[PDB]
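*Asks:* What follows is target.tsv; its format and atoms are TSV, C-alpha atoms and all ligand atoms.
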```
chain	number	residue	atom	x	y	z
Z	15	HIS	CA	49.64	-0.31	7.88
Z	16	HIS	CA	46.58	1.79	8.68
Z	17	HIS	CA	45.51	5.11	10.12
Z	18	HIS	CA	43.07	3.99	12.82
Z	19	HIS	CA	45.53	3.54	15.67
Z	20	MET	CA	43.85	4.50	18.93
Z	21	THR	CA	44.82	4.27	22.54
Z	22	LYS	CA	42.53	1.62	24.08
Z	23	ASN	CA	42.92	3.03	27.63
Z	24	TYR	CA	42.40	6.75	26.79
Z	25	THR	CA	40.02	6.45	23.85
Z	26	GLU	CA	37.70	9.30	24.86
Z	27	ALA	CA	40.75	11.55	25.35
Z	28	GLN	CA	41.95	10.80	21.80
Z	29	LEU	CA	38.52	11.78	20.47
Z	30	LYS	CA	38.69	14.98	22.52
Z	31	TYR	CA	42.16	15.71	21.14
Z	32	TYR	CA	40.74	15.46	17.63
Z	33	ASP	CA	38.13	18.02	18.75
Z	34	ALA	CA	40.97	20.33	19.86
Z	35	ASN	CA	42.49	19.87	16.37
Z	36	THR	CA	39.18	20.64	14.70
Z	37	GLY	CA	38.70	23.79	16.81
Z	38	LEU	CA	42.27	25.02	16.23
Z	39	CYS	CA	41.71	24.71	12.49
Z	40	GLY	CA	38.65	26.94	12.98
Z	41	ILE	CA	40.57	29.54	15.01
Z	42	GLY	CA	43.22	29.40	12.30
Z	43	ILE	CA	40.97	30.23	9.37
Z	44	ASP	CA	38.92	32.75	11.39
Z	45	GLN	CA	42.21	34.59	12.08
Z	46	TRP	CA	43.46	34.28	8.49
Z	47	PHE	CA	40.29	35.91	7.16
Z	48	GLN	CA	40.49	38.69	9.78
Z	49	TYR	CA	44.20	39.51	9.74
Z	50	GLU	CA	45.42	38.26	6.32
Z	51	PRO	CA	42.48	38.54	3.85
Z	52	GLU	CA	45.01	39.23	1.05
Z	53	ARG	CA	46.59	35.75	1.37
Z	54	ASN	CA	45.80	32.34	-0.02
Z	55	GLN	CA	47.10	29.90	2.52
Z	56	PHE	CA	46.72	26.51	4.17
Z	57	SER	CA	47.98	24.76	7.25
Z	58	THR	CA	47.71	21.80	9.64
Z	59	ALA	CA	47.26	22.04	13.43
Z	60	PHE	CA	48.55	18.59	14.31
Z	61	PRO	CA	52.18	19.67	14.60
Z	62	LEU	CA	51.18	22.52	16.96
Z	63	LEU	CA	49.22	20.06	19.12
Z	64	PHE	CA	52.21	17.69	19.15
Z	65	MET	CA	54.56	20.53	20.18
Z	66	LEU	CA	52.27	21.74	22.98
Z	67	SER	CA	51.80	18.10	24.08
Z	68	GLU	CA	55.55	17.67	24.34
Z	69	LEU	CA	55.83	20.83	26.42
Z	70	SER	CA	53.02	19.57	28.67
Z	71	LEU	CA	55.28	16.66	29.75
Z	72	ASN	CA	57.97	19.06	30.93
Z	73	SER	CA	56.16	22.01	32.57
Z	74	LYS	CA	55.52	23.37	36.05
Z	75	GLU	CA	52.01	22.98	37.47
Z	76	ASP	CA	50.25	26.15	36.22
Z	77	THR	CA	51.78	25.94	32.76
Z	78	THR	CA	50.85	22.25	32.53
Z	79	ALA	CA	47.24	23.12	33.37
Z	80	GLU	CA	47.13	25.85	30.70
Z	81	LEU	CA	48.63	23.46	28.12
Z	82	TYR	CA	46.11	20.74	29.05
Z	83	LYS	CA	43.20	23.22	28.59
Z	84	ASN	CA	44.30	23.83	24.99
Z	85	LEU	CA	44.93	20.17	24.22
Z	86	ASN	CA	41.66	18.84	25.67
Z	87	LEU	CA	43.89	16.36	27.57
Z	88	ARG	CA	44.21	16.24	31.32
Z	89	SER	CA	46.93	13.88	32.44
Z	90	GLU	CA	50.35	12.61	31.59
Z	91	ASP	CA	48.84	9.20	30.73
Z	92	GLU	CA	46.50	10.88	28.25
Z	93	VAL	CA	49.25	13.02	26.70
Z	94	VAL	CA	51.63	10.06	26.23
Z	95	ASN	CA	49.16	7.50	25.01
Z	96	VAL	CA	46.98	9.70	22.81
Z	97	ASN	CA	50.05	11.21	21.13
Z	98	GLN	CA	51.75	7.86	20.52
Z	99	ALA	CA	48.65	6.69	18.63
Z	100	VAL	CA	48.09	9.89	16.65
Z	101	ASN	CA	51.79	10.11	15.83
Z	102	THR	CA	51.66	6.59	14.40
Z	103	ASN	CA	48.71	7.54	12.24
Z	104	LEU	CA	50.34	10.67	10.92
Z	105	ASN	CA	53.46	8.65	10.01
Z	106	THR	CA	51.78	5.79	8.18
Z	107	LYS	CA	51.92	5.26	4.44
Z	108	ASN	CA	49.64	2.87	2.65
Z	109	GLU	CA	47.51	2.56	-0.52
Z	110	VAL	CA	44.79	4.75	1.05
Z	111	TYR	CA	47.00	7.76	1.75
Z	112	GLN	CA	50.53	8.59	2.88
Z	113	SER	CA	51.43	10.72	5.87
Z	114	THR	CA	54.71	11.86	7.40
Z	115	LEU	CA	55.01	14.22	10.40
Z	116	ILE	CA	58.51	14.56	11.85
Z	117	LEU	CA	59.54	16.69	14.83
Z	118	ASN	CA	62.81	18.34	15.86
Z	119	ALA	CA	63.84	20.50	18.80
Z	120	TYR	CA	66.76	22.93	18.48
Z	121	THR	CA	68.85	24.53	21.21
Z	122	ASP	CA	72.20	26.37	21.21
Z	123	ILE	CA	75.39	24.26	21.46
Z	124	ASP	CA	76.04	25.62	24.96
Z	125	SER	CA	72.50	24.97	26.33
Z	126	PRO	CA	71.81	21.21	26.00
Z	127	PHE	CA	68.35	19.92	26.73
Z	128	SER	CA	67.65	17.88	29.85
Z	129	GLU	CA	67.91	14.11	29.41
Z	130	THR	CA	64.28	14.08	30.71
Z	131	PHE	CA	63.14	16.11	27.68
Z	132	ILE	CA	65.27	14.18	25.20
Z	133	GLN	CA	63.81	10.90	26.50
Z	134	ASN	CA	60.15	11.86	26.56
Z	135	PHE	CA	60.34	13.59	23.14
Z	136	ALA	CA	61.83	10.35	21.73
Z	137	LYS	CA	59.37	8.12	23.61
Z	138	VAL	CA	56.16	9.92	22.70
Z	139	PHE	CA	57.00	11.34	19.27
Z	140	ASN	CA	60.29	9.82	18.08
Z	141	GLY	CA	61.32	13.50	18.32
Z	142	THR	CA	65.04	14.23	17.83
Z	143	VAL	CA	67.06	17.06	19.33
Z	144	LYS	CA	69.74	19.05	17.54
Z	145	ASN	CA	72.42	21.16	19.14
Z	146	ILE	CA	73.44	23.97	16.80
Z	147	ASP	CA	75.47	27.16	16.95
Z	148	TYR	CA	72.98	30.02	17.44
Z	149	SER	CA	75.83	32.40	16.55
Z	150	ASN	CA	76.61	30.91	13.16
Z	151	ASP	CA	74.27	30.33	10.23
Z	152	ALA	CA	71.55	28.85	12.49
Z	153	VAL	CA	68.71	30.00	10.19
Z	154	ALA	CA	70.43	28.29	7.21
Z	155	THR	CA	71.08	25.14	9.33
Z	156	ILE	CA	67.38	24.92	10.11
Z	157	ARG	CA	66.26	25.83	6.56
Z	158	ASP	CA	68.60	23.25	5.07
Z	159	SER	CA	67.43	20.55	7.47
Z	160	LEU	CA	63.76	21.17	6.89
Z	161	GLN	CA	64.11	21.39	3.14
Z	162	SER	CA	66.45	18.40	2.85
Z	163	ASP	CA	64.57	16.11	5.26
Z	164	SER	CA	61.12	16.99	3.85
Z	165	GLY	CA	62.05	17.26	0.16
Z	166	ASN	CA	60.07	20.49	0.19
Z	167	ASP	CA	62.04	23.52	-0.98
Z	168	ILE	CA	59.65	26.36	-0.08
Z	169	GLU	CA	61.28	29.08	1.95
Z	170	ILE	CA	60.94	28.79	5.76
Z	171	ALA	CA	59.40	31.47	8.02
Z	172	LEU	CA	62.74	32.51	9.56
Z	173	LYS	CA	64.91	35.23	8.09
Z	174	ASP	CA	68.66	35.53	8.74
Z	175	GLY	CA	69.10	37.63	11.89
Z	176	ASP	CA	66.18	35.87	13.59
Z	177	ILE	CA	68.52	33.66	15.63
Z	178	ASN	CA	71.22	34.74	18.07
Z	179	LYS	CA	72.64	33.62	21.43
Z	180	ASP	CA	69.61	34.99	23.31
Z	181	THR	CA	67.23	32.87	21.19
Z	182	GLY	CA	65.54	30.08	23.16
Z	183	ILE	CA	63.92	26.78	22.23
Z	184	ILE	CA	63.09	26.21	18.56
Z	185	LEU	CA	60.65	23.45	17.67
Z	186	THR	CA	60.10	22.33	14.08
Z	187	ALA	CA	57.86	19.94	12.20
Z	188	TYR	CA	57.52	18.90	8.63
Z	189	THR	CA	54.34	17.27	7.36
Z	190	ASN	CA	54.08	15.58	3.92
Z	191	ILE	CA	50.75	14.08	2.98
Z	192	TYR	CA	49.76	12.51	-0.34
Z	193	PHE	CA	46.16	11.61	-1.23
Z	194	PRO	CA	45.06	9.42	-4.13
Z	195	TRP	CA	41.50	9.80	-5.44
Z	196	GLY	CA	38.84	7.16	-4.88
Z	197	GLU	CA	38.80	4.21	-7.27
Z	198	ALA	CA	35.08	3.53	-7.47
Z	199	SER	CA	33.32	3.96	-10.79
Z	200	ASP	CA	31.76	7.20	-9.49
Z	201	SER	CA	34.55	8.48	-7.26
Z	202	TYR	CA	34.96	12.23	-7.47
Z	203	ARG	CA	38.16	13.17	-9.33
Z	204	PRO	CA	39.64	16.14	-11.21
Z	205	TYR	CA	39.70	15.54	-14.97
Z	206	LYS	CA	40.93	18.59	-16.86
Z	207	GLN	CA	41.79	22.23	-16.38
Z	208	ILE	CA	39.56	24.97	-17.85
Z	209	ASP	CA	39.64	28.77	-17.80
Z	210	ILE	CA	37.25	30.47	-15.33
Z	211	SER	CA	36.55	34.09	-14.38
Z	212	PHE	CA	37.41	34.76	-10.76
Z	213	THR	CA	36.53	37.71	-8.55
Z	214	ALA	CA	38.81	38.11	-5.55
Z	215	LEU	CA	37.75	39.22	-2.07
Z	216	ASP	CA	38.95	42.75	-2.86
Z	217	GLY	CA	37.07	42.74	-6.19
Z	218	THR	CA	40.03	42.00	-8.47
Z	219	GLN	CA	38.76	40.31	-11.63
Z	220	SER	CA	41.05	37.81	-13.29
Z	221	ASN	CA	41.18	34.58	-15.21
Z	222	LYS	CA	42.27	31.33	-13.52
Z	223	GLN	CA	42.73	27.74	-14.46
Z	224	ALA	CA	40.38	25.47	-12.54
Z	225	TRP	CA	40.08	21.72	-12.31
Z	226	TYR	CA	36.86	20.51	-13.90
Z	227	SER	CA	35.99	17.67	-11.55
Z	228	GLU	CA	33.05	15.32	-11.17
Z	229	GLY	CA	31.71	12.34	-9.30
Z	230	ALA	CA	29.41	11.37	-6.43
Z	231	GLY	CA	29.38	13.79	-3.52
Z	232	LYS	CA	27.13	15.71	-1.16
Z	233	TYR	CA	25.86	19.26	-1.04
Z	234	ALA	CA	24.05	21.72	1.18
Z	235	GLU	CA	23.13	25.39	1.44
Z	236	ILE	CA	23.50	26.19	5.14
Z	237	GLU	CA	21.75	29.46	5.75
Z	238	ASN	CA	22.71	29.89	9.43
Z	239	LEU	CA	26.39	29.67	8.49
Z	240	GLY	CA	26.02	31.78	5.34
Z	241	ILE	CA	27.73	29.13	3.21
Z	242	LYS	CA	27.18	26.44	0.65
Z	243	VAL	CA	29.20	23.30	1.10
Z	244	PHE	CA	30.32	20.56	-1.31
Z	245	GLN	CA	31.64	17.33	0.06
Z	246	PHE	CA	33.20	14.23	-1.45
Z	247	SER	CA	35.22	11.19	-0.48
Z	248	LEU	CA	38.77	10.38	-1.50
Z	249	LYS	CA	39.60	6.75	-0.76
Z	250	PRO	CA	37.11	5.50	1.86
Z	251	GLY	CA	37.48	7.24	5.22
Z	252	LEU	CA	38.76	10.49	3.77
Z	253	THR	CA	36.55	13.48	3.01
Z	254	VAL	CA	37.12	16.84	1.40
Z	255	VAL	CA	34.81	19.77	2.24
Z	256	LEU	CA	34.73	22.84	0.01
Z	257	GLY	CA	32.79	25.89	1.16
Z	258	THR	CA	31.97	29.32	-0.21
Z	259	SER	CA	29.60	32.11	0.75
Z	260	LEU	CA	25.97	32.11	-0.21
Z	261	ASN	CA	26.22	35.86	-0.81
Z	262	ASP	CA	28.44	37.52	-3.48
Z	263	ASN	CA	29.61	39.76	-0.58
Z	264	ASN	CA	31.83	36.90	0.75
Z	265	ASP	CA	30.41	37.20	4.26
Z	266	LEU	CA	32.43	34.30	5.62
Z	267	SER	CA	33.32	35.51	9.10
Z	268	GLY	CA	30.30	33.95	10.87
Z	269	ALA	CA	31.08	30.52	9.37
Z	270	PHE	CA	34.75	30.81	10.39
Z	271	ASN	CA	33.81	31.95	13.91
Z	272	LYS	CA	31.43	28.97	14.25
Z	273	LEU	CA	34.23	26.66	13.02
Z	274	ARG	CA	36.11	27.49	16.28
Z	275	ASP	CA	33.56	25.15	17.91
Z	276	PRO	CA	34.26	21.51	16.85
Z	277	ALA	CA	30.54	20.83	16.81
Z	278	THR	CA	30.17	22.95	13.66
Z	279	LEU	CA	32.06	20.57	11.43
Z	280	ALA	CA	30.06	17.58	12.74
Z	281	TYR	CA	26.89	19.57	11.96
Z	282	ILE	CA	28.09	20.43	8.43
Z	283	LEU	CA	28.87	16.75	7.73
Z	284	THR	CA	25.30	15.72	8.44
Z	285	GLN	CA	23.48	18.64	6.75
Z	286	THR	CA	24.83	17.73	3.33
Z	287	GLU	CA	22.79	15.45	1.07
Z	288	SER	CA	23.86	13.20	-1.79
Z	289	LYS	CA	24.31	14.97	-5.11
Z	290	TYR	CA	26.32	14.12	-8.23
Z	291	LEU	CA	28.90	16.91	-8.35
Z	292	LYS	CA	30.17	18.67	-11.48
Z	293	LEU	CA	32.51	21.45	-10.33
Z	294	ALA	CA	35.35	23.71	-11.43
Z	295	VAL	CA	37.83	24.46	-8.63
Z	296	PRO	CA	40.82	26.84	-9.03
Z	297	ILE	CA	43.29	24.99	-6.87
Z	298	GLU	CA	46.75	23.51	-7.26
Z	299	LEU	CA	47.00	19.74	-6.69
Z	300	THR	CA	50.38	20.23	-4.96
Z	301	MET	CA	50.39	22.84	-2.23
Z	302	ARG	CA	53.22	24.02	0.01
Z	303	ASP	CA	53.30	26.08	3.21
Z	304	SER	CA	55.93	27.02	5.75
Z	305	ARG	CA	55.09	29.10	8.82
Z	306	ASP	CA	55.88	29.91	12.45
Z	307	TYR	CA	52.83	29.12	14.59
Z	308	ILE	CA	53.72	31.58	17.36
Z	309	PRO	CA	52.19	34.74	15.84
Z	310	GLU	CA	48.92	32.85	15.36
Z	311	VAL	CA	48.96	31.39	18.87
Z	312	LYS	CA	49.52	34.96	20.17
Z	313	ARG	CA	46.62	36.28	18.05
Z	314	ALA	CA	44.42	33.67	19.68
Z	315	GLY	CA	45.47	34.98	23.15
Z	316	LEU	CA	46.86	31.60	24.15
Z	317	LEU	CA	49.92	30.64	26.20
Z	318	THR	CA	51.45	34.09	25.73
Z	319	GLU	CA	53.94	33.79	28.66
Z	320	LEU	CA	55.74	30.86	26.96
Z	321	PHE	CA	57.14	33.19	24.27
Z	322	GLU	CA	58.69	35.79	26.60
Z	323	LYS	CA	62.42	35.66	27.26
Z	324	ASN	CA	61.79	35.73	31.02
Z	325	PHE	CA	59.40	32.74	31.08
Z	326	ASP	CA	59.91	30.49	34.08
Z	327	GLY	CA	57.19	27.86	33.59
Z	328	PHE	CA	59.11	24.89	32.17
Z	329	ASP	CA	60.46	22.32	34.62
Z	330	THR	CA	62.38	19.63	32.74
Z	331	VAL	CA	63.06	21.04	29.28
Z	332	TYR	CA	66.44	22.14	30.69
Z	333	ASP	CA	68.19	21.05	33.90
Z	334	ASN	CA	69.48	24.55	34.77
Z	335	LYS	CA	66.68	26.91	33.65
Z	336	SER	CA	63.10	27.07	32.41
Z	337	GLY	CA	63.79	28.16	28.85
Z	338	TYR	CA	61.24	29.85	26.59
Z	339	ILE	CA	59.89	29.21	23.11
Z	340	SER	CA	61.32	31.32	20.26
Z	341	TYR	CA	59.95	29.71	17.09
Z	342	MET	CA	57.54	26.90	16.29
Z	343	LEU	CA	58.05	26.05	12.60
Z	344	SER	CA	55.71	23.94	10.50
Z	345	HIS	CA	56.78	23.02	6.96
Z	346	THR	CA	54.09	21.37	4.88
Z	347	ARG	CA	53.53	19.66	1.49
Z	348	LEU	CA	50.04	18.52	0.53
Z	349	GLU	CA	49.75	16.52	-2.69
Z	350	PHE	CA	46.76	15.08	-4.57
Z	351	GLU	CA	47.09	12.49	-7.33
Z	352	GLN	CA	47.33	14.02	-10.83
Z	353	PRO	CA	44.72	13.00	-13.45
Z	354	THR	CA	45.73	11.33	-16.74
Z	355	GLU	CA	45.04	12.41	-20.33
Z	356	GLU	CA	42.91	9.25	-20.75
Z	357	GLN	CA	40.75	10.25	-17.78
Z	358	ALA	CA	40.30	13.78	-19.23
Z	359	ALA	CA	38.79	12.37	-22.42
Z	360	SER	CA	36.12	10.43	-20.47
Z	361	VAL	CA	34.03	13.46	-19.33
Z	362	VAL	CA	32.52	16.60	-20.84
Z	363	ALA	CA	33.62	19.68	-18.83
Z	364	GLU	CA	30.20	21.18	-18.05
Z	365	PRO	CA	30.33	22.29	-14.44
Z	366	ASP	CA	27.14	22.90	-12.50
Z	367	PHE	CA	29.06	25.11	-10.12
Z	368	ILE	CA	32.24	27.17	-10.47
Z	369	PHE	CA	34.29	28.37	-7.53
Z	370	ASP	CA	34.60	31.86	-8.98
Z	371	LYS	CA	35.09	33.73	-5.73
Z	372	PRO	CA	36.76	33.20	-2.32
Z	373	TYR	CA	36.35	29.72	-0.89
Z	374	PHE	CA	37.85	27.39	1.70
Z	375	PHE	CA	38.67	23.72	2.03
Z	376	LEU	CA	39.12	21.11	4.74
Z	377	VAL	CA	40.61	17.66	4.18
Z	378	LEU	CA	39.40	15.17	6.88
Z	379	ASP	CA	40.56	11.75	7.93
Z	380	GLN	CA	38.43	8.87	9.21
Z	381	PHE	CA	38.04	10.61	12.56
Z	382	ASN	CA	36.35	13.48	10.75
Z	383	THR	CA	38.97	15.96	11.90
Z	384	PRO	CA	40.95	18.16	9.46
Z	385	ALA	CA	44.42	17.12	8.44
Z	386	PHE	CA	44.48	20.51	6.65
Z	387	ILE	CA	42.43	23.67	6.29
Z	388	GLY	CA	42.91	26.26	3.53
Z	389	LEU	CA	41.55	29.62	2.41
Z	390	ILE	CA	41.61	31.03	-1.14
Z	391	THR	CA	40.73	34.72	-1.37
Z	392	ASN	CA	42.46	35.74	-4.60
S	401	NA	NA	23.23	14.19	5.43
```
Go through the file and emit its structure as structure tokens.
Ligand code: NA
*Replies:*
Amino acid sequence: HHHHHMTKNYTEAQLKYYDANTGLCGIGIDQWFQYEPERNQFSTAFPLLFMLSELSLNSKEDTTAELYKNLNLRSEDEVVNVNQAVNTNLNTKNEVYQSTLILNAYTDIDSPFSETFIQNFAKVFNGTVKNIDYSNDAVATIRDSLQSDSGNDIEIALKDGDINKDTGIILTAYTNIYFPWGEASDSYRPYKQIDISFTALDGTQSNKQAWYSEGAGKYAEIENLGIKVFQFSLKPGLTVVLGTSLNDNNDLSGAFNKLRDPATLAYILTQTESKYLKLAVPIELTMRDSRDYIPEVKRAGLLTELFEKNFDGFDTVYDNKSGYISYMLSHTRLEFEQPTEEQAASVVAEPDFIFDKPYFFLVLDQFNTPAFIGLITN
């Protein structure tokens, strides 16, 4: 069991797909800071890519082309083979880290999916379809499934009333990832929680608990992006990046806009230089998120026709009609290993840097693409 599965025939395309993932994470945080500066939040883009990939196997020509442009993939062979590899990775558990990413497609009991869709969803993703009554307790059916299957009880993005007989295709994903810390003598780890003073984006002053953490890492002040960045490994292959503004004014928008370009993260990862890190970070080691991607995809100006009731661009999702996409749910639990009382006693909590204002994080795998991106503003 490992997380380096790659298609050997479409290798370049898999690397390009990771660049699409990296860039979507950038669009995501750029939009969060613009539209939702009051929110602390995090997310993963892999389930969105998987959903769009699935749709790209079942679309008419123009829609297929638009889907391909967003995926950085350009053929059925690429979509199938890249996604089979990445799906395997994101469903592997081993001693290095554990990942689960499971997909469902919902439709009303009287509108069954095409056998073509059911087959390709199973083939590429081990996706499963569910036929439910859109007139009776459909929100609860979905909520209960996501929460039960994932073990994650956070509330879902739907509210009762959101689903009726005119509702179209509903796609869902749940992602559960667990990361242990490195096991080297100087692996960066959290040790103990300490009080810090925090100043929120809107100026609110408060006290927070923060994990005093230390170990080998990397650091840079990156003037052109207006940020300082701290970087450390988990188990080998995995990297966390923490960033925060150079200025007290939290001028983060230029950094987030640049993160829309996948080159920016590759640049960041080389600008940093080795530094022993002693930090205090106000973050929870278990984080949960549940969202509907569609509002964010619409904010980005992408694929807007797919979400209209009159859409006619799908070919083989249904035998009798196009169908349209109503909700794209992503239900996420991110967990980091908890430190022990014995570990706490081994260090003196004297941080060189405290994250005492808005900051962001990315967690990367061995392909240097983010499994998750998060933003803390308050
Ligand atoms: Na470097």
*Asks:* If you count all atoms listed in the file, which residues end up within 9 Å of ligand NA 401 (chain S), as a VMD selection string?
*Replies:* chain Z and resid 232 to 234 282 to 288
*Asks:* Between Z:306, Z:80, Z:174, Z:147, which has the minimum distance to residue 126 in chain Z (counting only C-alpha atoms)?
*Replies:*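 That would be Z:147, the residue with the smallest distance to residue 126 in chain Z.
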*Asks:* In terms of the shortest atom-to-atom distance over all atoms listed in the file, which of Z:67, Z:140, Z:352, Z:54 is closest to residue 225 in chain Z?
*Replies:* Z:352
*Asks:* Tell me which protein, DNA and RNA residues are within 8 Å of residue 336 in chain Z, counting all atoms listed in the file, leaving out same-chain ones fewer than 6 positions away, and put them as a VMD selection string.
*Replies:* chain Z and resid 325 to 330
*Asks:* To one decimal place in Å, what is the distance between CA of residue 32 in chain Z and CA of residue 280 in chain Z?
*Replies:* 11.9 Å
*Asks:* By how many Å are CA of residue 116 in chain Z and CA of residue 155 in chain Z apart?
*Replies:* 16.6 Å
*Asks:* Enumerate, in order of chain and increasing residue number, the residues of range 279-329 of chain Z with an atom no farther than 10 Å from range 185-201 of chain Z, each with its shortest atom pair and distance in Å to one decimal, counting only C-alpha atoms, as JSON lines.
*Replies:*
```
{"residue": "Z:290", "atom": "CA", "partner": "Z:200", "partner_atom": "CA", "distance": 8.9}
{"residue": "Z:299", "atom": "CA", "partner": "Z:193", "partner_atom": "CA", "distance": 9.8}
{"residue": "Z:300", "atom": "CA", "partner": "Z:192", "partner_atom": "CA", "distance": 9.0}
{"residue": "Z:302", "atom": "CA", "partner": "Z:190", "partner_atom": "CA", "distance": 9.3}
{"residue": "Z:303", "atom": "CA", "partner": "Z:189", "partner_atom": "CA", "distance": 9.8}
{"residue": "Z:304", "atom": "CA", "partner": "Z:188", "partner_atom": "CA", "distance": 8.8}
{"residue": "Z:305", "atom": "CA", "partner": "Z:186", "partner_atom": "CA", "distance": 9.9}
{"residue": "Z:306", "atom": "CA", "partner": "Z:186", "partner_atom": "CA", "distance": 8.8}
{"residue": "Z:307", "atom": "CA", "partner": "Z:186", "partner_atom": "CA", "distance": 10.0}
```
*Asks:* With distances taken over only C-alpha atoms, which residue among Z:146, Z:387, Z:252, Z:260 lies nearest residue 124 in chain Z?
*Replies:*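 Of Z:146, Z:387, Z:252, Z:260, the one nearest residue 124 in chain Z is Z:146, counting only C-alpha atoms.
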*Asks:* Using only C-alpha atoms, which protein or nucleic acid residues come within 10 Å of residue 71 in chain Z? Drop anything in the same chain fewer than 5 positions from it, and give the result as a list in words.
*Replies:* residues 66, 78, 81, 89, 90, 91, 93, 94, 130, 131, 134, 135, 138, 328, 329, 330 and 331 of chain Z
*Asks:* Leaving out residue 240 in chain Z and any residue of its chain fewer than 5 positions from it, which residues lie within 8 Å of it when counting only C-alpha atoms, given as JSON, numbers by chain?
*Replies:* {"Z": [259, 260, 261, 265, 266, 268, 269]}
*Asks:* Write out as a list in words the residues lying within 8 Å of residue 385 in chain Z, counting all atoms listed in the file and excluding same-chain residues fewer than 4 positions away.
*Replies:* residues 58, 59, 60, 376, 377, 378 and 379 of chain Z
*Asks:* Excluding same-chain residues fewer than 4 positions from residue 120 in chain Z, what lies within 7 Å of it counting all atoms listed in the file, as a ChimeraX atom specification?
*Replies:* /Z:143-146,183-185
*Asks:* When you count all atoms listed in the file, which of these residues is closest to residue 48 in chain Z: Z:133, Z:267, Z:340, Z:84?
*Replies:* Z:267
*Asks:* Have a look at CA of residue 34 in chain Z and CA of residue 165 in chain Z and let me know their distance in Å, one decimal.
*Replies:*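 Separating CA of residue 34 in chain Z from CA of residue 165 in chain Z is a distance of 29.0 Å.
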*Asks:* Using all atoms listed in the file, pick whichever of Z:115, Z:69, Z:314, Z:248 has the shortest atom-to-atom distance to residue 38 in chain Z.
*Replies:*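 Using all atoms listed in the file, the shortest distance to residue 38 in chain Z belongs to Z:314.
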*Asks:* Which is closer to residue 141 in chain Z than all the others in Z:70, Z:101, Z:35, Z:45, using only C-alpha atoms?
*Replies:*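 Residue with the minimum atom-to-atom distance to residue 141 in chain Z: Z:101.
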*Asks:* Find the residues with any atom within 9 Å of (43.0, 6.1, 5.0); use all atoms listed in the file and the coordinates as given in the file, and write the answer as a PyMOL selection string.
*Replies:* chain Z and resi 16-18+107-112+193+248-252+379-380
*Asks:* Give as a PyMOL selection string every residue, naming chains and numbers as the document does, that has an atom within 12 Å of (47.7, 34.2, 28.0), counting only C-alpha atoms.
*Replies:* chain Z and resi 76-77+80-81+83-84+311-322
*Asks:* Fix up range 59-70 of chain Z with N, CA and C atoms, then write it as a PDB file, in the frame of the given file.
*Replies:*
```pdb
ATOM      1  N   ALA Z  59      47.086  21.763  11.999  1.00  0.00           N
ATOM      2  CA  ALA Z  59      47.260  22.040  13.430  1.00  0.00           C
ATOM      3  C   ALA Z  59      47.874  20.896  14.183  1.00  0.00           C
ATOM      4  N   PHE Z  60      48.011  19.717  13.549  1.00  0.00           N
ATOM      5  CA  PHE Z  60      48.550  18.590  14.310  1.00  0.00           C
ATOM      6  C   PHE Z  60      49.982  18.836  14.836  1.00  0.00           C
ATOM      7  N   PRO Z  61      50.854  19.420  14.009  1.00  0.00           N
ATOM      8  CA  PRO Z  61      52.180  19.670  14.600  1.00  0.00           C
ATOM      9  C   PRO Z  61      52.175  20.623  15.814  1.00  0.00           C
ATOM     10  N   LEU Z  62      51.298  21.621  15.817  1.00  0.00           N
ATOM     11  CA  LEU Z  62      51.180  22.520  16.960  1.00  0.00           C
ATOM     12  C   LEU Z  62      50.711  21.750  18.193  1.00  0.00           C
ATOM     13  N   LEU Z  63      49.698  20.887  18.014  1.00  0.00           N
ATOM     14  CA  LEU Z  63      49.220  20.060  19.120  1.00  0.00           C
ATOM     15  C   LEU Z  63      50.329  19.156  19.649  1.00  0.00           C
ATOM     16  N   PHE Z  64      51.103  18.567  18.751  1.00  0.00           N
ATOM     17  CA  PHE Z  64      52.210  17.690  19.150  1.00  0.00           C
ATOM     18  C   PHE Z  64      53.230  18.490  19.963  1.00  0.00           C
ATOM     19  N   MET Z  65      53.573  19.681  19.474  1.00  0.00           N
ATOM     20  CA  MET Z  65      54.560  20.530  20.180  1.00  0.00           C
ATOM     21  C   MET Z  65      54.055  20.918  21.584  1.00  0.00           C
ATOM     22  N   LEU Z  66      52.807  21.366  21.683  1.00  0.00           N
ATOM     23  CA  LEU Z  66      52.270  21.740  22.980  1.00  0.00           C
ATOM     24  C   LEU Z  66      52.190  20.517  23.885  1.00  0.00           C
ATOM     25  N   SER Z  67      51.844  19.347  23.322  1.00  0.00           N
ATOM     26  CA  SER Z  67      51.800  18.100  24.080  1.00  0.00           C
ATOM     27  C   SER Z  67      53.168  17.804  24.674  1.00  0.00           C
ATOM     28  N   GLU Z  68      54.202  17.922  23.853  1.00  0.00           N
ATOM     29  CA  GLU Z  68      55.550  17.670  24.340  1.00  0.00           C
ATOM     30  C   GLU Z  68      55.895  18.603  25.505  1.00  0.00           C
ATOM     31  N   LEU Z  69      55.559  19.869  25.356  1.00  0.00           N
ATOM     32  CA  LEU Z  69      55.830  20.830  26.420  1.00  0.00           C
ATOM     33  C   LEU Z  69      55.059  20.482  27.674  1.00  0.00           C
ATOM     34  N   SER Z  70      53.854  19.928  27.508  1.00  0.00           N
ATOM     35  CA  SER Z  70      53.020  19.570  28.670  1.00  0.00           C
ATOM     36  C   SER Z  70      53.578  18.442  29.523  1.00  0.00           C
TER      37      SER Z  70
END
```
